[PDB]
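K.L.:
fold the following.
(2 chains, ligands or ions: 4)
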Protein chains: 2
Amino acid sequence: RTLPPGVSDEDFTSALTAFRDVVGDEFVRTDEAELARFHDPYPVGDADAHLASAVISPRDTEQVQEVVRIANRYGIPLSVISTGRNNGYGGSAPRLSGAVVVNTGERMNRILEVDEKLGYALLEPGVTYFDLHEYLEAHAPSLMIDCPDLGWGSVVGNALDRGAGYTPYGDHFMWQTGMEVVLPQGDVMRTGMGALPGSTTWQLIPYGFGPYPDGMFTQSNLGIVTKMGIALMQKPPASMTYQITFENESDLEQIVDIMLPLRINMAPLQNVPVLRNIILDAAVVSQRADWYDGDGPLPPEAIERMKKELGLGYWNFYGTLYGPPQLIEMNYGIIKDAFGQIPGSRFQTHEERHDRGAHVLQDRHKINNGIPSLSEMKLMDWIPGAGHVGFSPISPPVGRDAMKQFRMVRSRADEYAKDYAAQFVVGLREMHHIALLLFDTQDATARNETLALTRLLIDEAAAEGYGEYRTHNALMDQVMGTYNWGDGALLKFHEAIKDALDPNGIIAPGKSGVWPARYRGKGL
Amino acid sequence: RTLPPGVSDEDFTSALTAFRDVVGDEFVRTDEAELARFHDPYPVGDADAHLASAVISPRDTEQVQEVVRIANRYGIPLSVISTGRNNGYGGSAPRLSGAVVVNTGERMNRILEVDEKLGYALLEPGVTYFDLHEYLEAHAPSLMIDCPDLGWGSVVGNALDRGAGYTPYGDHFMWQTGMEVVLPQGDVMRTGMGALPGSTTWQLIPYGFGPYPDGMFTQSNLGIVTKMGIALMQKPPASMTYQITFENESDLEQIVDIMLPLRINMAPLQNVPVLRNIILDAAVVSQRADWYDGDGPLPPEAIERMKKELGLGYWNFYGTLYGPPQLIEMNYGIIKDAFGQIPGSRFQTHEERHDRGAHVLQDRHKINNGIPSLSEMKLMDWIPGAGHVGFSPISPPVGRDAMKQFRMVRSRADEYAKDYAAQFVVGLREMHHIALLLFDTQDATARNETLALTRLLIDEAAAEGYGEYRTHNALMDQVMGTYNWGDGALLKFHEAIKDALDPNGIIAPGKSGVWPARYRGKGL
Ligand SMILES: Cc1cc2nc3c(=O)[nH]c(=O)nc-3n(C[C@H](O)[C@H](O)[C@H](O)COP(=O)(O)OP(=O)(O)OC[C@H]3O[C@@H](n4cnc5c(N)ncnc54)[C@H](O)[C@@H]3O)c2cc1C
Ligand SMILES: Cc1cc2nc3c(=O)[nH]c(=O)nc-3n(C[C@H](O)[C@H](O)[C@H](O)COP(=O)(O)OP(=O)(O)OC[C@H]3O[C@@H](n4cnc5c(N)ncnc54)[C@H](O)[C@@H]3O)c2cc1C
Ligand SMILES: C=CCc1ccc(O)c(OC)c1
Ligand SMILES: C=CCc1ccc(O)c(OC)c1
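P.N.:
Numbering: from 1, shown residues only, chains lettered A, B, ... in the order given. Ligands and ions are numbered 1, 2, ... in the order given. Structure as follows:
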């Protein structure tokens, strides 16, 4: 029977009883089948590395407080999910193996408020992107969400890992406005203007008075968020999504150097521009075996067959334009004139192209207009048992930096027997190299190779000044270890805050490499 | 001789020697004349409530660390300035009377880096808006700053109080990207991507990996900032600034309800729109005694005389448009069509109007194009001895809320013998009611009236759900006291973090109402 680390069977028994007294017997799950459902679907290294001892589903903020106070009394470590679809980063699995999972989204799943005129929602953790889209279309259809690729995620949970989408409102944390949070000893607090009783402005400005704390609850184990505000963009009068195909792998340098000046003023590149390689686009509409059934890396001529059969480039640019038809036409003209300076570039609109090679184009047109989707899960049919682990370092949005990263990552992927499927994304002034490292989750050797490759990719990127933005449970200590300016000053700061707020070391120990004192330096 | 609270004459003597032993005797100032230069120029209250015992000017980050270590050894409270022009909020004076002021800006005054292509600067605290503008015009002239009304402030210090300007980059904290900060026991850390040694991305995205802490160093006593990055906007190819005069005080309701839908999408109201009342505008180009030398409030007839003599309305709207002339003309047409629905509304461009009543229009044209100015200091000639104290609560950008606040604040101002000079400002989804409470700094009764008025304005605003965003030393305990949801949960959270990071209770005690344990509950 899975026990949390540093808890006796006796204290675990006492805590489960107390949890049942709070949430109800139905909402304290310890059965083999429910615990298996909380396994990381895409484990790197050991499949058994991140297990839950129990899953608690609180009804509301007051029950979250009581479950946290019980955990404090019995030294129970509590991990936290909203919807628990953090696939690529551990899914619903706790960083600390044997933690009890607080399933906030099962019962705290209400849209509490939508203000259509002022453009905001107040949300509980269980509200999915699908839920919020459905609600806006029924009750506030002038508004749209900003969603990641997969709509089954949590508007709250994704913002709390500083996830992102692709409309002008793509930076989820930026548009997050106000939160309610249960602190690690059970006290509850509202941030920003919500700390003023009876305020009318909680969702209108993210800062209140005094030190601005909401960022400290993202990629964080400093509290359990029970409500979160988010600003919501008005739908424009019209939109159009376009695909630019680029024939040559070497076109990356010029694509990025044209992209940055067109994106830094948020026009004419009005949404978050994405540049997807052939594998990332092909894998949505085909399986690897369709192009190559041999051992080793995909041969060049399999890559060319994908490009030609699907009418795709090595690099495939997707952007969206918003406004009156006349502004869309004007902006599209500027984009076509600029990227058209690259020989071999081909431009196609979401109205022009409807073949198998336009599947991603039509999916980006949904996502870029706040219409959530699960079409991207077709990636995970590329090979049997496919899983992915996130690798997504930040770099300058400079073509020379893109080429260096393209070459560095692809050459290591070939060496570690993994396909190079990646995109370059420019937020505003920063570039992400988001590599989807696909591996057979059922093959111990493939799982171990994938962990080893990703550790190497993190270290080599850090050695060029490219830090990881977000990572899996298995990689959190390594990645925080790369942010070690001033003899590890940042982690020392985080540890001081962690121990002050969480003296009993309860909340998601080891999240982002930040361990409370009782678990620190134990190698788990 | 001014001594810090809870420090013996002996330990103060020892600490001053130790400070001199690091920074040099020239940079430890204890003379009556130098200490008087750190007086609040606009005291509310007793004119002697916020005194400095000494001013220390550290050379660099290492000396900041050593001065903080010295303060720890001797229990010296250390307040902090960059340029110390926080006028309206206490100027360079410490919240805790008798604190030693750390003058970061005197020696740490370099522009460390400007990247013209990626649009950012890395700055030390002593760089003024004038300094940065002069540097950009000389070395990176495609870029512009975002400045508050007065250019003598610090790009860093203003951002660290979550100050603001009026270009599209008006939210200073939002565009702040990366900082270096000395923590209260003398440890130094870099935030964001600057925690990764040799990173090239410190100024390109504000978040690194793990909890996002930069906000916790704004309106804060948790650290002494030594470097700060800020993003810089590209100059547009053209701009135009316009004035809309509205004849009637009651036009405010409709002005605000037309303004919000035009601002919430950041077009056609492309900059931060300001709506200034007749006094706020008249006070830039005239003195009160030019209109009225009787006693009591300005009579209605004097208000009408200001409107007629200067060609102004009761409310005066100023906005700027950016882009190609064709886009400026199009957006100006939408603005004129929308606000032109209000009878008596009159529209003039910065090209059309150059008379006395256009002084504010021509000054906004500078500020809205990142050309810093001191023209607004002419407000402080309105009456002899004029000082102001900030009052600027946040409300929904709704005409009914604007009218309620206009009436509530003006009626209390009349009762407390202060002129109602105010503006309404919409940032994006939030409204600010910024009242310039002018008083005779030389009159003990006027100082006490102004404090009593502002305490009343804060309490009445809070009761309507309108929280203060930023406040003076003398009002910090009251304002944090309004944010007391959850039996004062926010303050208890801040105190927990403050005592953990600052166990000796050194840094700017009482800033934002956050007192370390040794000074808490002492009535100072
Ligand atoms: C093929 C593929 C495509 C993807 N595309 C994207 C994409 O476009 N953009 C993107 O951002 N991600 C993407 N992801 C990554 C990830 O799947 C999504 O980010 C997903 O939305 C995150 O899971 P979630 O929304 O269920 O959040 P959760 O898993 O519920 O929460 C995420 C994390 O937030 C914290 N947390 C959650 N709830 C709370 C709470 N109430 N209080 C405190 N802490 C809490 C925990 O650390 C938790 O692990 C992709 C993944 C895959 C496999
Ligand atoms: C007529 C008038 C008009 C005004 N207009 C505006 C306006 O348009 N916009 C606006 O924002 N303000 C405005 N102000 C208010 C204020 O004067 C400015 O915000 C001014 O720029 C702030 O002072 P400063 O830049 O010198 O910063 P400082 O006084 O140097 O610093 C401000 C605060 O930041 C903190 N601090 C500073 N340096 C550090 C450091 N290195 N480490 C840690 N903490 C630090 C301290 O709390 C300090 O008190 C106006 C005031 C008046 C009187
Ligand atoms: C196709 C993948 C898109 C994607 C975007 C952002 C991410 O963090 C991510 O992590 C797995 C994946
Ligand atoms: C005319 C005053 C402009 C102004 C803007 C912002 C502020 O915080 C402020 O406080 C003094 C004044």
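K.L.:
buried residues in stretch A:135-153, which are they?
P.N.:
By 16 or more other C-beta atoms under 10 Å in any protein chain shown, the buried positions in stretch A:135-153 come out as A:135-136, A:140, A:143-153. Where you see a C-beta, it was placed from the backbone N, CA and C, and this is true even at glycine.
K.L.:
would the longest helix along chain A count as contacting chain B?
P.N.:
Ranked by residue count under DSSP state H, the longest helix found in chain A is helix A:444-463. Yes. Counting by C-beta under 8 Å from any C-beta of the partner chain, chain B is contacted by helix A:444-463 at residue A:462.
K.L.:
now for that helix, which elements pack on it?
P.N.:
strand A:386-391, helix A:399-415, strand A:431-440, helix A:476-482 (3 or more C-beta pairs under 8 Å, 6 or more residues apart in numbering or on different chains; DSSP states H and E).
K.L.:
ok, how many other residues are close to whichever residue of chain A sits closest to ligand 3?
P.N.:
Proximity of chain A to ligand 3 (C-beta to the nearest ligand atom) peaks at residue A:88, 3.2 Å away. Residue A:88 has 21 neighbouring residues, counting by other C-beta atoms under 10 Å in any protein chain shown.
K.L.:
now swap in the one 3 residues further on and tell me
P.N.:
One way to gauge burial is a neighbour count; for residue A:91, by other C-beta under 10 Å, it gives 21.
K.L.:
and it, how close does it get to residue B:467?
P.N.:
Distance of residue A:91 to residue B:467, computed by C-beta to C-beta, to the nearest Å: 39 Å.
K.L.:
buried set for stretch A:458-465?
P.N.:
Buried, per 16+ other C-beta under 10 Å, within stretch A:458-465: A:458, A:460-462, A:465.
K.L.:
which parts of the stretch 201-350 of chain A sit against ligand 1?
P.N.:
A:224-225 (C-beta under 6 Å from any ligand atom).
K.L.:
please enumerate the helices of the stretch 201-350 of chain A.
P.N.:
A:252-263, A:278-282, A:300-310, A:325-339 (DSSP state H, counting those that start in this stretch).
K.L.:
kindly report the residues of chain A close to ligand 3.
P.N.:
Selection of chain A residues close to ligand 3 by C-beta under 6 Å from any ligand atom yields A:88, A:149, A:376, A:390, A:392, A:434, A:436, A:470.
K.L.:
filter those by proximity to ligand 1?
P.N.:
Near ligand 1, judged by C-beta under 6 Å from any ligand atom, the entries from the residues of chain A next to ligand 3 are A:88, A:149, A:376.
K.L.:
out of these, which comes closest to residue A:210?
P.N.:
residue A:88 (35.8 Å; C-beta to C-beta).
K.L.:
surely the closest one meets residue A:389?
P.N.:
Yes. Counting by C-beta atoms under 8 Å, residue A:88 touches residue A:389, with 6.0 Å between them.
K.L.:
could you tell me which residues touch both of the two?
P.N.:
A:42, A:472 (C-beta atoms under 8 Å, 6 or more residues apart in numbering or on different chains).
K.L.:
where does residue A:200 land in three-state SS?
P.N.:
Assigned with DSSP: H, G, I helix; E, B strand; the rest coil, residue A:200 falls in the coil class.
K.L.:
which residues touch the most centrally placed residue in chain A?
P.N.:
Most central in chain A under C-alpha atoms, centre = their mean is residue A:163, positioned 3.9 Å from the mean C-alpha point. Residues counted as contacts of residue A:163 (C-beta under 8 Å, 6+ apart) are A:148, A:153, A:172, A:470.
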